[PDB]
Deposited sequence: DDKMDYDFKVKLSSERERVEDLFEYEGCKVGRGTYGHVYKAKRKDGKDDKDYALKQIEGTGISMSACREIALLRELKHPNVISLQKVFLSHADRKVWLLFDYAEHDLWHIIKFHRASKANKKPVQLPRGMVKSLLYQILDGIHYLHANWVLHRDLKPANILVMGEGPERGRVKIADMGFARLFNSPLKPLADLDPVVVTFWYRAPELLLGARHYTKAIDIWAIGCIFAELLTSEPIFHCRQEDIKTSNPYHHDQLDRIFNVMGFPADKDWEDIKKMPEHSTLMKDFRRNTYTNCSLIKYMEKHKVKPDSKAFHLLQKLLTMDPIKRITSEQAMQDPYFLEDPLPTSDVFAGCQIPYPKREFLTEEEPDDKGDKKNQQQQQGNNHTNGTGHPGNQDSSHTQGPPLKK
């Protein structure tokens, strides 16, 4: 600005840390949902860092809220913002995080592919679920919803001081009026599909239920093929094929859901009479009398008010049954999952 003090302006400019001075990231793009795997340029760490360049320019509402909340949130199972760079020339924003080598999308994909080349370790499954719940419990206790939980967002740290620790990432930090109706459906709770007007803690817990099933079987439990409207017929059909159609007593307030009459129009209870979570999970070699299953069923409760909370899930006797969950989900064993490849595509 012309009316800004010149001395003030040049002092700040002289002192301002620039992302390109501190970090080597060119050619090191790993993702774009622009995410880079970066090393420090001085060579004082040799640690890997994740640099996220925020999409757009300036500071949007979504960028503001993301910076706002990450700046406060501190917990071992939630991804931790190290530093923010404000690039004054191009008005671009960069976020620095510790680098998580793995995630559940890739880990599960690796096991699903290994099944073809003929299961996920059960101590690992439990430990992952425990840490996901711990991190989500922390967010929820602070009235922060994730609003977009899926395997790609459950990161897992590689070799280093936090080996095998879960890091929840990529929270949906801005949703206009906390609304799903404003601009994959596999991890979406049935109330969202029937037109729920707000995100809730319960919606996050359903997604954890979905992830947990997927870790146990290597298959997305509510897998389905790929608008403004919340009602998705094929996704609901898949839920009922797995779960059965809910009885009136299972979800009394279903009648209040905005899409209830559409549900009645398109679906018949009779269609799903041979369908249940018990039957589904048995086919995938998970016993219905297992503590794992009983907890899974409490997470995948259809009526959101009857869904277990994160804190209650952490207290489940499943976590007291042998084997105990471990802080490193790999339990000191060798990590077979491949590292992320650098992308060279234009």
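Comparing the deposited sequence with the modelled residues shows gaps at 34-36, 122-124, 190-198, 242-245, 366-406, with numbering starting at 1.
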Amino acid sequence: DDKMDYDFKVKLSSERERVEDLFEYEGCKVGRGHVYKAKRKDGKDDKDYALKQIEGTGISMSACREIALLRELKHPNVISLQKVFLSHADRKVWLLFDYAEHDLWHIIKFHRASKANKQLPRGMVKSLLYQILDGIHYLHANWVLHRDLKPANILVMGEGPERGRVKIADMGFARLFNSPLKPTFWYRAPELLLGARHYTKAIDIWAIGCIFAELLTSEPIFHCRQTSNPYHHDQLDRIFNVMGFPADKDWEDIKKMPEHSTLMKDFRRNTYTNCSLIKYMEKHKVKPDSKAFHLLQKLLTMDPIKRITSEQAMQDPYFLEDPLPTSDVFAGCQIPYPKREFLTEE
From here on, numbers count along this sequence of modelled residues.
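For clarity, a rigid core is taken as the largest C-alpha set superposing within 1.5 Å between two forms.
Stretch comparison, 146-154 versus 121-129: after rigid core superposition, larger RMS CA deviation in 9 other deposited structures of this protein is found for 121-129. Choosing between 311-319 and 57-65, the greater Cα displacement from the shown form in 9 other deposited structures of this protein, fitted by the core, goes with 57-65. Looking at the other PDB entries for this protein, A116 is absent from the model in a third or more of those that include the residues around it. Of the other structures of this protein that model both sides of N229, a third or more give it no coordinates. Relative to its counterpart among 213-221 and 173-181, 173-181 has the higher mean temperature factor, C-alpha atoms as listed in the PDB entry. Averaged over Cα atoms, the B-factor as recorded in the entry is higher for 49-57 than for the other of 49-57 and 65-73.
Taking the deposited Cα B-factors for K279, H294, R40, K306, the highest one is held by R40. Of all the options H260, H198, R238, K92, the entry's greatest CA B-factor is assigned to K92. When the modelled residues of the chain are ordered by their C-alpha B factor, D289 lands in the highest third. Looking at the C-alpha B-factors along this chain, the one for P121 belongs to the highest third.
Among the modelled residues of its chain, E252 has a C-alpha B-factor that falls in the highest third, as given in the PDB entry. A113: CA B factor lies in the highest third for its chain, per the PDB record. The deposited CA B-factor of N229 belongs to the highest third of values across its chain.
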